[PDB]
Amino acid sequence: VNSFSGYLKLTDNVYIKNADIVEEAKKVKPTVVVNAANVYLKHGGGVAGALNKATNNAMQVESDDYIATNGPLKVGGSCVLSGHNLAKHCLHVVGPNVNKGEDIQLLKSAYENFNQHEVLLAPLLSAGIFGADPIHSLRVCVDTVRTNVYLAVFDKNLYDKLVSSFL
C-alpha cells in the first residue's frame, strides 16, 4: 500500500489522475517525482518551470551546478537530483522535443529511465510544450515502464481523452 489517492488503474503497474503534479507532489511527498527536463536542465516552462517555481528556484540552482560539473544530458537520458520540498528525489528525464525536431523513437529510451525506480509520480512524457502525440506517450509508457508509475495529468480535457481512448 502507498499514499497515492484517486487514480484510475490502467494496467498492472500504470495509474493516471487528473491532478496537478506540483500539488500532487506537495500532498504525497513521493520518493521520486519525474521532471520533464531538457538536456540543459533549464526549467523555464511546462512541468519543469512549474516544479522549479514550487522549489523557489532551488531546483534551478542545483541543476546549474550539475551541468557545470557534468555537461548536458542526452535526449532519452536522465539524472537523479534532489526533490527539494516536493519529493525525496527528482528524476530529470529528457524526452524528445518534437518542436526541436528530435527522434520520437527516443521516447521509449526516456521512459526506460523510470524502470530504475520502484515507484514514481510522473508528467506524461513529451506532452504539453514538448508537442509529441500524447496518446502515443501513454502507449509508450504502458509498453515500456514495468515499475509502478502514477501519471499526474493536470490538463482535464486531455485526461478524459487519454482514458476514453486507452486500449
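In case it trips you up, residue 1 is the first one in the sequence shown, and so on.
Colleague: Output the stretch having the higher mean C-alpha B factor in the entry; the candidates are 59-67 and 24-32.
Modeller: On average, C-alpha B-factors are higher across 24-32.
Colleague: Report the stretch with the higher mean CA temperature factor, choosing between 152-160 and 8-16 on the basis of the entry.
Modeller: The deposited B-factors put 152-160 ahead on the C-alpha mean.
Colleague: At the C-alpha atoms, which of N99, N115, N52, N38 reaches the highest B-factor in this entry?
Modeller: Among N99, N115, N52, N38, the highest C-alpha B-factor in the entry belongs to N99.
Colleague: What third of the chain does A127 rank in for C-alpha temperature factor, lowest, middle or highest?
Modeller: Answer is highest: the recorded C-alpha B-factor places it there.
Colleague: Looking at the C-alpha B-factor of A48, is it in the lowest, middle or highest third of its chain?
Modeller: CA B-factor rank for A48: lowest third.
Colleague: Would you mind checking where the Cα B-factor of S109 ranks among the modelled residues of its chain, as the lowest, middle or highest third?
Modeller: Bottom third by C-alpha B-factor.
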